[PDB]
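1. no sequence for this one, just the structure:
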């Protein structure tokens, strides 16, 4: 028959880079750390991400999920 399904477009692929120094203000919220920590993340990881995320959760989560990559760092 027909399998249908035919769409999907414009998706946020790859993480967004962030230059050091300068950009360093409050943002990370406890609610988030918990929303992440609750999921099974580490406060630190949440913060670190939340940072690069720019106070973003939907993004941070992605970072938390795919934080440790195939590299030492």
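-> Yes, it's here. Residues are numbered from 1 along each chain as shown.
2. on the three-state scheme, residue 14 is what?
-> Under the three-state scheme (DSSP: H, G, I helix; E, B strand; the rest coil), residue 14 adopts coil.
3. give me the neighbour count for it.
-> When neighbours are counted by other Cβ atoms under 10 Å, residue 14 registers 5. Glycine gets a C-beta too; all of them are placed from N, C-alpha and C.
4. can you check residue 53 too?
-> Counted with other Cβ under 10 Å, the neighbours of residue 53 add up to 24.
5. quick one, what contacts it?
-> By Cβ atoms under 8 Å, 6 or more residues apart in numbering, the contact list for residue 53 reads 59, 60, 63.
6. for the second one, what are phi and psi?
-> Spelled out, it's residue 60. Dihedral pair for residue 60: phi -50, psi -50, per degrees, to the nearest 10.
7. you'd agree it is up against residue 42?
-> No. Applying Cβ atoms under 8 Å as the test, residue 60 and residue 42 come out as separate, 12.0 Å apart.
8. between these two, which is the more surrounded one?
-> When residue 60 and residue 42 are compared for neighbours, residue 60 comes out ahead with 27 against 14, by other Cβ under 10 Å.
9. quick one: contacts for residue 63?
-> With contact set as Cβ under 8 Å, 6+ apart, residue 63 has these partners: 15, 45, 48, 49, 52, 53.
10. state the distance from residue 21 to residue 27.
-> Using Cβ to Cβ, to the nearest Å, one gets 16 Å for the distance from residue 21 to residue 27.
11. which helix or strand contains residue 49?
-> For residue 49, the enclosing helix or strand under DSSP states H and E is helix 43-53.
12. buried stuff in that helix?
-> Of all the residues in helix 43-53, those buried under the rule 16 or more other Cβ atoms under 10 Å are 45, 46, 47, 48, 49, 50, 51, 52, 53.
13. returning to what we had before: which of the contacts of residue 63 sit farthest apart?
-> Maximum pairwise distance in these, criterion Cβ to Cβ, is 13.8 Å, between 15 and 45.
14. export the contacts of residue 53 as CSV, with columns for distance to residue 4.
-> Supplementary listing: the contacts of residue 53 in CSV, determined by distance: Cβ to Cβ, whole Å:
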residue, distance to residue 4
59, 31
60, 34
63, 34
